[PDB]
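Enquirer: Below is a structure I'd like to ask you about.
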Amino acid sequence: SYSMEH
Amino acid sequence: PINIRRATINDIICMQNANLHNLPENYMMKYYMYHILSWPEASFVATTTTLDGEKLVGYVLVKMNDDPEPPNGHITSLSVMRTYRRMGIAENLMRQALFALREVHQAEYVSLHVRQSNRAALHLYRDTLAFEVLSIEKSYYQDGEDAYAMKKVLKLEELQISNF
Amino acid sequence: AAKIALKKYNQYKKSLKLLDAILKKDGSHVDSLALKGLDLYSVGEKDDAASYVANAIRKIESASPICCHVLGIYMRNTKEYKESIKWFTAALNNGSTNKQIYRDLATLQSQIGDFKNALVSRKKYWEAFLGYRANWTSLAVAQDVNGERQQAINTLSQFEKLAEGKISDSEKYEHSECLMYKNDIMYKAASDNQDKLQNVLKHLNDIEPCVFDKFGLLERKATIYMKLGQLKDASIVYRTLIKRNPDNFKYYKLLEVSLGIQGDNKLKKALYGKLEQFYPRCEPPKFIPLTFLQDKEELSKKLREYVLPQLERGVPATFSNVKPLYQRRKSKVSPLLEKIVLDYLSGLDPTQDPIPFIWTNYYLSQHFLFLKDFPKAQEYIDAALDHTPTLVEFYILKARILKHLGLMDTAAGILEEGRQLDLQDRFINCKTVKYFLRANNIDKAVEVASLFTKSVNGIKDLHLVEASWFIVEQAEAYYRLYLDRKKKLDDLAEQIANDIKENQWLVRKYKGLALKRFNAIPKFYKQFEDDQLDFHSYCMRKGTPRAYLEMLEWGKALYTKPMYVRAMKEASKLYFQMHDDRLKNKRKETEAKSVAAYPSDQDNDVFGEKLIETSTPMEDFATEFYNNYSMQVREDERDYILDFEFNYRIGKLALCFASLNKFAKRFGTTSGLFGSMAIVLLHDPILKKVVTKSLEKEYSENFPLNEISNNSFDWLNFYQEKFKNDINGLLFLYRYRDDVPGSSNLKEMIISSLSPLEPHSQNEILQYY
Amino acid sequence: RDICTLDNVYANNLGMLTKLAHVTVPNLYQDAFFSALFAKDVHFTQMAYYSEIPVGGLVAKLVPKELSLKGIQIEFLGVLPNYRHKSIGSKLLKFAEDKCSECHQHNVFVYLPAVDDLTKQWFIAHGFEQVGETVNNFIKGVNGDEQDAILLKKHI
Ligand SMILES: CC(=O)SCCNC(=O)CCNC(=O)[C@H](O)C(C)(C)COP(=O)(O)OP(=O)(O)OC[C@H]1O[C@@H](n2cnc3c(N)ncnc32)[C@H](O)[C@@H]1OP(=O)(O)O
Ligand SMILES: Nc1nc2c(ncn2[C@@H]2O[C@H](COP(=O)(O)OP(=O)(O)O)[C@@H](OP(=O)(O)OP(=O)(O)O)[C@H]2O)c(=O)[nH]1
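Chains as they are written, first to last, in the entry's author numbering: chain E, 1 to 6; chain B, 2 to 53, 89 to 104, 109 to 204; chain A, 23 to 32, 46 to 96, 99 to 491, 495 to 533, 545 to 635, 670 to 768, 777 to 816, 818 to 835, 837 to 864; chain C, 3 to 41, 56 to 81, 85 to 175.
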């Protein structure tokens, strides 16, 4: 669930 | 009865519609048109199988070493429609996603970020599959949660798409 | 001097010193004005960006070639494709060196349709960069599009020859999604010609070791081998391809024709046994061969032997793993099936085998939702839920039920008490907040679902995350939370005159907001296709055209996808009504964080104050919405009923006849709506006889056009003399209640004839419709 | 693993205990108190799920300093009908009476209501006894009813 915010 | 397809670009509207209904991961429509338009072969989707369209039920997006170093594979987000889970679904949509992630592009070590707080994932995801851990990144998630890393070595012959 | 500015980014604060200095004596000059603006967009302010880009297009007509390209690098960014081609051409036919312009453009006029003059202006780059294979594709992707496959197929086999007898790890993915793709083209000429094919099969047989797609080839080999009457050699590829991912049918059913044994059940049913034995317990082996059987002695063996087991373990698709065989073939199955379940609920002593009594009830409390026995669909669910109350998959079945018998409110309650069973895991956190948006409860919908959506609410941060599930669900609230708020200022005829002036606001605040909400659902698709830009000329570095040649063919049919559709038709019935009605502030500044769509830059009309009442909603519904989806939509998939309303409510109608017609060659004249969609057009200027004439030209004999003129013949009965239960086609006649005058005759023979209908819907066409 | 496992009741759960209250111990504990368990006195918890899907419940406090009723209380302990029966929630006591010597605490309090002879003639059969006597207008559910209590005890 790779976090593109952080 | 979920069918396990090879993921097309037609299924980005209906793919991302699920990893959003069922997940706290807001993702844009670019970052789907480049998983499935760079390395479109080894990212699988699977949902509804009716004959004599289809409904999204579960999917599997899997990028490689996007950032810069011995051919590393990754897996971005994975989910499934609740009224469908605990029936494989998740649990053998990835034994193909690896089983292509070292067949086409041939990458030696998988990787990812599973939360936990989590049963479903951090179980048949290190006991069925076997996938150590590596760095437990703290607050690496967008909720103050800390989430396991998970590495997973892959050498072709010791992971084929028909060991079941 | 600006060279240090133009290099100051490709954040070009250096360009300020130009607009501070270069605006010394000579001011009105391009080159310097244009950086000042390309920056603006690569620097926040878009509003203030054009007052330069455009305040510098009034000092040209061409201009400083070196500068026309810091103008076309913006047009290519303010979406303006057609116009960008020009700003570039205005470098090239002005003496520009940067010969990479024949590839900054060719990845633009390629998108905007012009595929003919895509190759000519792309191949012209290919010469100056011919030591870079990620170019030797576009001279064979555009040629392969234009329709000369030999100039495509030969331009890439003059790659496979050059370059070297050498392909290191850089191109270790090149000779795969490529010199296989060649076989997709180098065979799609043969079609059904034996002259090629063998070779296109012997070529596909040559690489194998060099083809690295493993799957994805088996089809232009393992079905070209089936295309030349050698049913084996391929039945021995699908038999090794079924064995590659047997959890998918696609490659399994074919094998029935691969072994020619399509219509030979007797070996067919047995084929999936010497199977089941092989590839153990994976869906296909068992399922497929129970959709083609005929024996209340045999069928009930493989029926029971598929079902029960899933029950004793607790599977939620224990039903929806068969909710298919209940649809395309009932009567035969949902008898054997209804009797092979309850007949097993006799030794489930709920204090001995419980994970069986709890779940072999949420099957029956799902099975008896098909038959719609409803009464016996809240029994099992409830009685199941009166044993284990900690299984959120009962409340869903209770809130599907209960919500299909109307009680929309009460249903989401049986869902909220399911949500509260687990805060984290938005698996129901939306579903619970779907139903409480289908009861108009937009408040304990926003809170109760904003909890995991990052302001002062949710519905604001769910626009920059796509989320077209929610909007076109939040309008099918507002659009239904208006025809009732707007049943107040039309019902009455101190707090009674002051109350009209309150409840007769929200009609403005929703019809305003509800249309303003659907524009976000289009705009995404506007910008879904408008983000396939950087991929024209950077899916080639990757070397992935086979997949890419599916994106372009996804692009045209993008504007006719699932959620653009229901977001048109559920919008039409709100736009179409503002063009047949015009013919015949502290709450605003204090409640503006509960209905906020986008930043305070763009959305200057909070409640679509403009959208709510625009000079002509016709050249709005077409530019915004429709006349894009009508340019793309394929023929045998285009709602004609909408089509016959769009050209009617504009003025055309001439098109209504060549629109109502082509609806007939789908149904066949004795359908419901085609009757109503003729009747209306019984008889714009004089020169609109022509409709009647042509209407009377062909379709004179059947059905009828000869009492249209004369006050006759109370055709309510005739309009329904084919044949009463066409309630699809009745509703029509009232929707437009003004050119179809008898008006208090049809509301009964619309209302009184919805008995044998679903309650949630039977009482939906009421109150609003 | 056997059938009846358990775990700690993470604040993501809770509502599967409120539901597992208001069913086990009907009309007892206010409709927000449990939210007030993790929002100075230390208060244990544990939701005992079985097979896979939850089916029991226990969430008990810890009193130390006036003597007589020191140690670990038992705010509620129950499990759903047609379950307990099969040991699914007899074992929670062993993981609550454990907390006594394992957290250092001689006794364990369990203020069962008066009538509940079914419960008061069973809990007795585990290591408990009617310490003291009856009470008077003591138990009162979030409704308006009232009952007497019955106390209990067990040292270690
Ligand atoms: C207000 C408060 O603060 S606390 C409220 C207390 N709770 C209540 O008032 C309502 C409780 N509701 C109930 O359903 C129950 O009474 C509970 C949960 C408290 C206790 O029930 P259980 O977990 O059944 O007790 P348990 O499992 O220990 O055993 C019950 C009997 O079955 C027997 N048993 C144990 N395992 C099994 C088995 N596998 N098969 C058959 N019998 C068994 C035991 O020996 C015991 O026998 P006994 O009654 O003669 O001693
Ligand atoms: N896929 C999906 N379906 C949803 C969602 N929300 C509600 N539904 C339900 O799905 C049904 C819509 O029709 P279909 O799309 O044919 O259902 P199907 O997938 O099972 O074929 C409705 O009835 P139903 O409740 O399923 O009852 P029943 O028709 O199963 O008796 C509706 O209430 C959702 O987010 N996703």
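Even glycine gets a Cβ: it sits at the ideal position worked out from N, Cα and C.
#1: Quick one: using the 10 Å Cβ neighbour count with 16 as the cut-off for buried, is A/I325 buried or exposed?
#2: For A/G202 and A/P246, what's the separation of their Cα atoms in angstroms?
#3: Residues of chain A with CB closer than 9 Å to the CB of B/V144, please, in chain order.
#4: Pop quiz: A/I465 and A/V505 are said to be a contact at Cβ under 8 Å. What is the actual Cβ separation, rounded to whole angstroms?
#5: Any heavy atom of ligand 2 inside 7 Å of the beta-carbon of A/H441?
#6: For ligand 2, is there any heavy atom lying closer than 7 Å to the beta carbon of A/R475?
#7: What would DSSP say about A/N230, mapped onto helix, strand or coil?
#8: Please classify A/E320: is it buried, with 16 or more other beta-carbons within 10 angstroms of its beta-carbon, or exposed?
#9: Rounding to the nearest angstrom, what Cα-Cα distance links A/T754 and A/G760 in this structure?
#10: Roughly how many whole angstroms lie between the Cα atoms of B/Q17 and A/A100?
#11: Any Cβ of chain A within less than 8 Å of the Cβ of B/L21?
#12: With burial defined as no fewer than 16 other Cβ atoms inside 10 Å of the residue's Cβ, what is the status of C/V134: buried or exposed?
#13: Say the cut is 7 Å; is the CB of B/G94 nearer than that to a heavy atom of ligand 1?
#14: Enumerate in chain order the residues of its own chain whose CB-to-CB distance from A/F125 is below 6 Å, with the five nearest sequence positions on each side excluded.
#15: I need the straight-line Cα distance from C/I5 to C/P70, nearest angstrom please.
#16: Taking only beta carbons into account, state which residues of the stretch 113–125 of chain B come closer than 8 Å to chain A, listed in chain order.
#17: Return the CA-CA distance between C/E94 and A/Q457, expressed in angstroms with no decimal places.
#18: Could you tell me the distance, in whole angstroms, from the CA atom of C/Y130 to the CA atom of C/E121?
#19: Please classify A/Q862 as buried or exposed, where buried requires at least 16 neighbouring CB atoms within 10 angstroms.
#20: What residues in the stretch 445–476 of chain A bring their beta carbon closer than 9 Å to a beta carbon of chain C?
#21: Taking the beta strand (DSSP E) that B/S119 belongs to, which residues open and close that run?
#22: Express the C-alpha separation of A/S383 and C/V11 in angstroms, rounding to a whole number.
#23: Report, in whole angstroms, the separation of the C-beta atoms of A/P322 and A/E313, which I expect to be a contact under 8 Å.
#24: If you count every other CB in all the chains shown that lies within 10 Å of the CB of A/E484, and 16 or more means buried, which is it?
#25: Using 8 Å as the threshold, is the C-beta distance between A/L254 and A/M223 below it?
#26: Just how far apart, CA to CA, sit A/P393 and A/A421?
#27: Does the beta carbon of C/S109 fall short of 7 Å from some heavy atom of ligand 1?
#28: I need the DSSP call for C/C6, collapsed to helix, strand or coil.
#29: Thinking A/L327 and A/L340 are a contact (beta carbons under 8 Å), I'd like their distance in whole angstroms, please.
#30: How should A/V558 be labelled, buried or exposed, when 16 other C-beta atoms within 10 angstroms of its C-beta is the threshold for buried?
#31: Do A/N497 and A/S508 have their beta-carbon atoms positioned less than 8 Å apart in this structure?
#32: Please decide whether C/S67 counts as near chain A, where near means a Cβ-Cβ distance under 8 Å.
#33: Please list the partners that C/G17 has in chain A, where partner means a Cβ-to-Cβ separation under 8 Å.
#34: In the structure shown, what three-state DSSP assignment does A/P391 receive?
#35: Can you confirm whether the stretch 558–574 of chain A touches the stretch 19–28 of chain B when touching is taken to mean that 3 or more C-beta pairs between the two stretches lie within less than 8 Å?
Expert: On the basis of the coordinates in this document:
#1: buried
#2: 15 Å
#3: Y210, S213, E214, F249, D250, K251, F252, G253
#4: So it is not a contact: roughly 19 Å between Cβ atoms.
#5: yes
#6: no
#7: coil
#8: buried
#9: 7 Å
#10: 45 Å
#11: yes
#12: exposed
#13: no
#14: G109, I138, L142
#15: 11 Å
#16: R122, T123, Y124, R125
#17: 22 Å
#18: 22 Å
#19: exposed
#20: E454, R456, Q457, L458, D459, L460, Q461, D462
#21: 118–120
#22: 35 Å
#23: 4 Å
#24: exposed
#25: no
#26: 10 Å
#27: yes
#28: strand
#29: 6 Å
#30: buried
#31: no
#32: yes
#33: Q457, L458, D459, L460
#34: helix
#35: no
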